[PDB]
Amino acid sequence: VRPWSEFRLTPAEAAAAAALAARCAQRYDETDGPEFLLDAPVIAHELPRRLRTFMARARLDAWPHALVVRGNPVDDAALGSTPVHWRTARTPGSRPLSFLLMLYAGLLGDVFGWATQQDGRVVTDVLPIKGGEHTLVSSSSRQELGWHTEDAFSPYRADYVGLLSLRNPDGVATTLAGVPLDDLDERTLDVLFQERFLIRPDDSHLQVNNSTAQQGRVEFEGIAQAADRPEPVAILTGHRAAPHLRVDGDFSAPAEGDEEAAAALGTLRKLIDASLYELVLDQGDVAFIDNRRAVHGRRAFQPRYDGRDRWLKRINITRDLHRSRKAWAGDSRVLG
């Protein structure tokens, strides 16, 4: 029994999916281009039927924290060495696998990026960056990436976060936790449903973690506003018996002087820490983390810096792009 839903491709199914992604990589210039963004959800209809059935059904189940698809081949020789930075990470060896993640994502929803994160890319990279071991962003290593809702600060945050493991030779775990409903008392639960908490943007939206450009110039103003003047929001929303979750372990606080909110948040921290569990994304595994049901993070690890570090491709997915239309910055697909 597992708190996520799991699908394992047969070799033939895995090969057919890989072949489809390879065809897309031949026919489109880029994953993030207007053309593939629009076409991917229709091309995805050609994926193996058993996989399409799993994705359609598992998305509608009440319980899972993630949807995990195992068994995509990745040839390390063809893939090439892990890049030293996300900037240079669009390597030819990783291209077909970026197309594959996009195709799988297109079965779940609408993909998007942020003007203020990795130069507005839709398919982003997770890999350790030398000098950045003890930071609060996903290019950390030696410091654990604390649990979080992705883009917790933003009402336009993803419904699902998709991750494809290109390599993970030493088996570093992703961490997950749901709402600790078996332990939250009714008074604490009540307070977490109230608009008594502050959630600021995480460090991935800072200018210094993007390139020199205007690849998102004005959108950094909105990040500054969310950082300087956060509006009080609720941590829990929806059904009391199955709440949705909005929290960041390192970027959340109580509203100013609100000691009851503080107690509720401190209790939630304790209960999430106590229930956090591990999911190891082995090479070729894809996970879609439900960013409303669960928080996620990543265990501390010693980086290699020898060309074979852990490397994921990542994508933000929403069930409805039109929810974020106020933030439609560089078209509908790059928010801020």
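We number the residues from 1 along the sequence you see.
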Problem - 244-252 or 229-237, whichever carries the higher mean Cα B-factor - result: 229-237
Exercise for the section: Higher average CA B factor in the deposited record is what I'm after, so tell me if that's 64-72 or 31-39. Expected result: 31-39
Handout entry: Candidate set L9, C24, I315, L312 [ranked by C-alpha B-factor, highest]
Key = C24
Completion exercise
When the entry's CA B-factors for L127, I223, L97, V172 are compared, the highest one belongs to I223
Exercise for the section: Would you mind ranking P83 by its C-alpha B-factor against the rest of the chain and naming the third, lowest, middle or highest? Expected result: lowest
Practice task
Name the third of the chain's ranked CA B-factors that contains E144, choosing lowest, middle or highest.
Solution key: lowest
Handout entry: Record-listed C-alpha B factor of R52: chain third
Key = middle
Exercise for the section: Divide the modelled residues of the chain into thirds by Cα B-factor and specify which third, lowest, middle or highest, holds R200. Expected result: highest
Fill in the blank from the handout: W114: CA B-factor among chain residues, third -> middle
